[PDB]
Amino acid sequence: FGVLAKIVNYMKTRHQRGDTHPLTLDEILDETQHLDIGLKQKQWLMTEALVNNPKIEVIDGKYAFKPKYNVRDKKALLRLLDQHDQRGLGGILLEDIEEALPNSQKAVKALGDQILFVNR
Amino acid sequence: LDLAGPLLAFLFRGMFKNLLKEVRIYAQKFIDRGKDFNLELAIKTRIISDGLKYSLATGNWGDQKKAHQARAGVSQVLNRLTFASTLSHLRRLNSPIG
Amino acid sequence: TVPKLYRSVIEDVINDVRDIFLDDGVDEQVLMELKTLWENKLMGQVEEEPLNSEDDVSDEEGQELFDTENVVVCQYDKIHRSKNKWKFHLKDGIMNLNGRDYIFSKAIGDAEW
Amino acid sequence: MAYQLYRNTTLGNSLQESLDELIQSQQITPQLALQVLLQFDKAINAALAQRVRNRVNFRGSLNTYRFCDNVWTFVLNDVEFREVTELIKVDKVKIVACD
Amino acid sequence: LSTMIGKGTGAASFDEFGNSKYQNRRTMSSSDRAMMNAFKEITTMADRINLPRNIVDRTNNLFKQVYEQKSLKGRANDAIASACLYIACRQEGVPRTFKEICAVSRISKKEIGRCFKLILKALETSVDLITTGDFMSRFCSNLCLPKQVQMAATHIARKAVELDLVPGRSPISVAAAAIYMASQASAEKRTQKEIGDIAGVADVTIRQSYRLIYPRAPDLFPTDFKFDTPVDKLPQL
Amino acid sequence: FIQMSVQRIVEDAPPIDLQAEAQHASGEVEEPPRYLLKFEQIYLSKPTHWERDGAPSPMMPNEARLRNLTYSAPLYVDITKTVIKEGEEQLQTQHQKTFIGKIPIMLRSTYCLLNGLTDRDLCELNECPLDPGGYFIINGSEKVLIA
Amino acid sequence: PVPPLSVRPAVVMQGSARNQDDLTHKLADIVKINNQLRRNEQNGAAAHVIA
Amino acid sequence: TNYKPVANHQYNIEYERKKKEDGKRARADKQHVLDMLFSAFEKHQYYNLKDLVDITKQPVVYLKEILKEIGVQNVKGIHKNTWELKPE
Amino acid sequence: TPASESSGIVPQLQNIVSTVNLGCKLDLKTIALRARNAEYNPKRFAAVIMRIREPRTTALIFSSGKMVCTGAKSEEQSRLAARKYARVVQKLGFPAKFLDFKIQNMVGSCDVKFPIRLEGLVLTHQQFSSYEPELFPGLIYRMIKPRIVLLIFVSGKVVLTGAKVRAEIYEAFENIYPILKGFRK
C-alpha cells in the first residue's frame, strides 16, 4: 500500500513541476527508484492499484495525472452559467489551482470578465 | 429511638464516602497525567470537618442540595434557663410527625 | 585470561552460525575454513567578513589519519563537564592498546581540555 | 537492541575480512555474512555482559570531542590508564562511546 | 448572576422515551470558574496547616488583585495561589517557610518562590523581613518542649543575631540550632534528626550552625535558666 | 459511636484501586500501572486548638465558649499504598498516619478532657461540677441532639 | 412585563445592594437565555437545540 | 502533618524522567516521518491525532503541517476526528 | 572623581555576553558532524555548541544562522572570538558573516572587604532591595539608574549584571558605594 501513495505523491509533484504527460508504470518506478520494489508489488500496482483509482487518466496506453480523468479544461464553464435555470458551479479555489495553472495570471483578465471572489 | 449515635453514624458515613470519592477523583486526574502521586495532597479534609460541623449547627439534616427537608430539629441550642430546663432538655425525645 | 575470552567468543559465534550455515545449505568445511582464516588473521569583506585575519583557528587538520591512537570501543553511563574539567562514566568496553588487548566492565574517568 | 559499533573493531574487521574471503570464494552469500555479523554482535554483547568483570580508572588531557546521534566521540592525548593492579600510559587514544 | 433548577416533582418530567427527566442544569460562569477553583485550593491548603479564616481571607483577596491585573496570567493558578498564601502569612506577622507551603501545595518550592518575587513587583508592594522570633513558638511547641525552654531558645536566638555570630545564615537554621542547644541543655533532649525533620533544614546544616554558636554558648543563655547539665558537659556533634 | 461506629465505617469494604490507561495506539511491553488504597485503624486525639501562629495546644470547654470556638477533636487514619502491578513489582507497601478531619466531641464523654477529673480540677478549670454535660459545643453554642 | 423595583424591593439585608431580589434572579435567567436564543437564531442553529 | 521538602519526592522523580532524553523531538528528516505516515497507512485507513503524535514522536503543529500537505481529515460525532492519507 | 577613589578599587569584569548573525541558513547537522571540538544534541536541544581554547570561551550557533558568543573577559576578546568562530564556519564552506556583532550583557565583581548590615539596607530601600535567605543567600538590588542588577553579600563581595557598557558598572558602583560604606559594621 504505502508505495502507491509514494507513486501518487510523485505524480502530484510532476503536475506541480509543470507536466501531465502519460508514463508507463516502469518509467515511474525507475525515476522513483522503486523498479526493484518486487515483481509481486509491481503486478499488484499494475492490475489492481491503478485500476481501483477511478480518478487516474488512462491515455496513450499509459497512466497520467491524477485527480481528474475529464473536465481538466482549466477555465470556467461560462456556457452553463449563461443558462439562469441551470447555471451552477462555484467551487473551491484550491481545486482550480490544483487543476493546471496559478490563479493570478488568468484572474487579471477575469477580474474584468467573469470572476468574483468570496472569502468563504 | 435515634440518639446521638445512630444520628451521627448516619451523618459521618455519608461524609466519609463523599471523601472517598474525592480521593478517587484526584488520584484519577493525576494518573492520567503521570507519576507523582501524593496521598496526603489528595484528601479534602474540609469534607468531614465542615460537614459535621455545619449540620450540628443549622439543624438541617443529611447533605445539602437534594434531600434535607426530612429532618429539621435534630439539633437545638441547649436551653439554659433553670438547672431543670437543661436537665430536662438533654433528656427530651421527639416523634416526627405532620 | 582474555585470549580465552576471545576463545569463548570463537566458540559462541561459530556455534551460533553453524545452524545458519546449515540453513543456507553451506558446508561445515566453509565454516571451518572461516575459523582457520579468522584464527590466522587474529595472530562586503572589510567589515562583513575580514575573517582570514584570524585563519588557523586550528592546530591540526586531524589526528585519526596518524593512526597513533590505540582504539577503545565502549558504552557510556554518564558524561559530565565542569569548565575544563570533564568527567566520564563508561561501561562495557573493549580496548586495544599498542597492539595489546584489554577489556573493562566499567570505567570512570576525568580529563582536562 | 545491541549496537553495531563493535563491528568496527579490529577483531570485528578480522571477522569481516574472513567473511569477504568466503564471499570472494562465493561459498556463502553476502546476506549470510551480514547474518554472521549480527550473531557475532549479539554474542560479543552477551559475552561482555556475562563474562567481563574488570574495571579501570583513568586520567588525562582532552584534545578533541564530538557528539552526534547519541554517540560520543573523543580523542585524548597524554592519557593514563590505571587499573587496581596495573598501569598504562599512552600518548594518544581515540574513544567512541554510545548508549 | 442567577438561579438553578433540579429534581422533578416525580410526576411528568419527560425523558419521554430516554432517561432524562425534564432538563439538566446549565453552567453560567465558565470564564471565571477558575477563580472559584483557585479559592477552593486556597481554602483546602489553608486548612491543612490550620490557619484562621482571616489569613485565608487576605490570601483570597491578594489573589483577586493579581488575577484581575492579568500581569501573571502565564503561570499556573496553583503557583499563584501558593504565593498568595505565602505573602499573606508573612504580612499577617506569622511567617511560614517555603518548605512548609510546598508541603501542602502541589507546586514546588522553587516555583512558589519565583512567583512570590514576581507578585511583589506585580502588586508594586513590599513585605516585612522575617526574624527568628516568628518561628521559635511553632517549633518548640510541636516538640512538646516546656515553655521555659522556648523562652531560653528565644533569648539565645535573639542574643546570637544581636551579636552577629552568624553573618550569612537563614533565620530558620539559626533558630533550629538554638532550639537544639536549648533542648540539649534541657531534660527533654531531642535528636537533631527530629528538629531537622520539622524545620526542613538538613541535619548537617544544624551541625554547622551548632558548631558555630557552641564556642560562645555560656554567654548566650538567660540568667533565669537553671541548667540540667553543666555547659562544660554539653556534648559536641 | 466512637468506640465502634466510626471505626466500623472506614473498616468497610470499599478498598479503592485505580488503573490508568496505557498502550495507547501502541505499547506491547508489560505495564499498565495499578494502585490500591486501604485503610486501617483510626485514631482520635483529645480536642486541640491551633493558633494563627500554627502551634497547637489543648482546648478547654470554657475557652471554647468565650472565644466562640468549636469543641472538636482531630481524627487520623492509617492508609496503605499497594503497588501490585502486572509483574515487575508487588511488595513496595507503605503505611501512613494522616489527618483527615475534625469531629465534634460530646461534652464530658470519655473523649472530652473533663471525663476523668474530680470536683477540684473541674472547679479549677472553670466548669461547674454540677453541669450534666452530654451536649456539643459548636461555634460557642451549646447544641444538644434530640432523640 | 418586567415588574418595576417597587415590586422587587431590593431585599437589601445589610450588604451593599446585596439584595438583588430573587424575582430579579429569575429575570436574569430569562434575559440571559433569551439573549442567547436570539443570538443563537441570528446565526445557524440545529433544529433541536433551538427547540 | 508532614515535613515539607523542596518538592514532592516523586515530583522530583517526574522531573528526573522528564530530564531523561525525551523532551525535544526529532522534527528533522521529513522523509522518514513521511515513511512513518505511509507505515500508519499500512495498518489502517484512519487514526486519532493523539495516536499520530504518539506513534511519530513529533510536535503537533508540525504533524498538522504535514497532514495538511499530503492528507485530509474526517470527524465524527462530537469533534472526534481522524485523518487519512487519501485512500483511492 | 573623589567619590570614586575610596571605593575606586574599581570592579573587575568577569563575563561578557555577545551575539552575532551570520545572515545565512545553515545545516547544523553537517556543521556539527564536520567540526572538531564541537557538540550537538538534537534530541535534547536545537543548536550546536562550540568551544575554543584561547581565552576559554564558548559559542552557540543556531539553524537560522544567528549565533551567540560568551566567555570573553573583554570586548576585544569578544570581537576576537566571534571572528574566530565565523572563520571556522567560513572554513565549512558556508557564507559566514561578521554582521550584527553586539554586546548583550556584561558582568562585574569587586570586594569592598567589610561586614555589611543587610536588615537596614532592605529597610532603607524596600522599594528596591529584596533579601530572602529562604530562597537565596544574598540580597538582590535592582537599580534603575543605569537599570542594573546587583548581588550584595555579607562577606563584602559584590556582583553586578545587566550592563552592556563598562561605564554603567562604574556608575552603578559609584552610586551604591556610599550607602554600603554607611552600613559598615
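Definitions and limits used
- Residues numbered from 1 in each chain as written, not as in the entry; some residues may be left out.
- Chains lettered and ligands numbered in written order.
- Part of a larger assembly, values for the part shown.
- Heavy atoms only, no water.
- Helix = DSSP H or I, 4+ residues; strand = E, 2+ residues; numbered from the N terminus.
- Rg over C-alpha atoms; globule rule 2.2 N^0.38 Å.
- Contact = heavy atoms within 4.5 Å.
- Areas by Shrake-Rupley, 256 points an atom, 1.4 Å probe, with all protein chains shown as cover.
- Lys, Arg positive; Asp, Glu negative; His and termini not counted.
- Charge placed at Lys NZ, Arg CZ, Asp CG, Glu CD.
- Domains from an automatic or database assignment.
- Buried area = accessible area lost by both parts, 1.4 Å probe.
- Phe/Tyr/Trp six-rings, centres within 6.5 Å; stacked < 30°, edge-to-face > 60°.
- Buried < 20%, exposed > 50% of the residue type's maximum accessible area, 1.4 Å probe, protein only.
- Pairing = 2+ DSSP bridges.
- Salt bridge = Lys/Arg side-chain N within 4 Å of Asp/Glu carboxyl O.
- Polar contact = N/O pair within 3.5 Å; in protein donor to acceptor, adjacent residues only side chain to side chain.
- Patch = residues over 30% accessible without salt bridge, like charges linked within 9 Å, V, L, I, M, F, W, Y side chains within 5 Å.

Examining the overall build of chain A
When you go through chain A residue by residue, the secondary structure sums to 6 helices and 2 strands. Since a compact globule built from 120 residues should have a radius of gyration of about 14 Å, the 18 Å found for chain A marks it as more spread out than a globular shape. Expressed as lengths along the three principal axes of its C-alpha atoms, the size of chain A is roughly 55 × 30 × 30 Å. Taking all contacts inside chain A whose residues are at least 6 apart in sequence as the whole, residues at least 24 apart take part in 51%. Here chain A has roughly 9,100 Å² of accessible surface; of this, 53% comes from carbon and sulfur atoms. In chain A, 18 positive and 17 negative side-chain charges are present, and the distance between their average locations comes to 3 Å.

Regarding the domain arrangement of chain A
All names here are of chain A. According to the domain assignment, chain A contains domain 1 (1–72) and domain 2 (73–120). Inter-centroid distance (C-alpha atoms) of domain 1 to domain 2 is 28 Å. Every contact between the two is made by 6 residues of domain 1 and, on the other side, 6 residues of domain 2. Taken together, the two surfaces of domain 1 and domain 2 that pack against each other cover about 490 Å², and 49% of this comes from carbon and sulfur.

Here we look at the packing of aromatic side chains
The full count for this structure, using the stated rule, is 27 aromatic pairs over all chains. Geometrically, the ring pair formed by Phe88(C) and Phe74(D) is tilted, given 5.8 Å between the ring centres and 35° between the ring planes. Linking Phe88(C) in strand β2 (residues 85–97) with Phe74(D) in strand β2 (residues 71–83), this pair reaches from one chain into another. Note on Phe88(C): relative accessible area 4%, which makes it buried.

Comments concerning the pairing of β2(C)
Residues and elements named next belong to chain C. Two strands pair when backbone bridges link them, and strand β1 (residues 70–82) and β2 are joined in this way by 11 bridges, in the antiparallel orientation. Paired with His80 across the two strands is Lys87, which belongs to β2. Between β1 and β2, which pair antiparallel one after the other, the connecting turn spans 2 residues, and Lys83 there sits at a positive phi close to 55°. In terms of strand pairing, β2 meets strand β3 (residues 100–112) through 12 bridges, oriented antiparallel. Bridge pairing in β3 links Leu97 to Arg100. Connecting β2 to the antiparallel partner β3 that follows it, the hairpin turn spans 2 residues, and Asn98 within it adopts a positive phi of roughly 50°.

Thoughts on the interface of chain B and chain E
In this complex, chain B contributes 9 residues to the contact, which on the side of chain E involves 11 residues. When chain B packs against chain E, close to 820 Å² is buried across both sides, 47% of that on carbon and sulfur atoms. Summed over the three residues of chain B that lose the most area to chain E, namely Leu41(B), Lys44(B) and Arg46(B), the buried surface amounts to 61% of that side. On inspection of chain B and its partner chain E, the count reaches 1 salt bridge. The residue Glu41(E) makes a salt bridge to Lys44(B) at a minimum N-O spacing of 3.8 Å. In this structure, the connection of chain B to chain E is made through 3 residue pairs in polar contact. Where the side of chain B that touches chain E is concerned, the elements lending two or more residues are α2 (39–42) and α3 (46–58) of chain B. If one sorts the elements of the side of chain B that touches chain E by residue count, α2(B) sits on top with 3 residues.

Some thoughts on a negative patch on the surface
On the surface, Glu11(C), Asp12(C), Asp16(C), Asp19(C), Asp23(C) and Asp24(C) cluster together to form a negatively charged patch. Among the residues examined, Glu11(C) registers a relative accessible area of 60% and is labelled exposed.

Topic: the interface of chain C and chain D
With 52 residues of chain C at the interface, the matching set in chain D holds 54 residues. Carbon and sulfur atoms supply 68% of the area that chain C and chain D bury against each other, a total of about 5,100 Å² over both sides. The interface formed by chain C and chain D holds 3 salt bridges in total. We note a salt bridge from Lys91(C) to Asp99(D), for which the minimum N-O separation is 3.3 Å. Across the contact surface, chain C and chain D share 22 residue pairs in polar contact.

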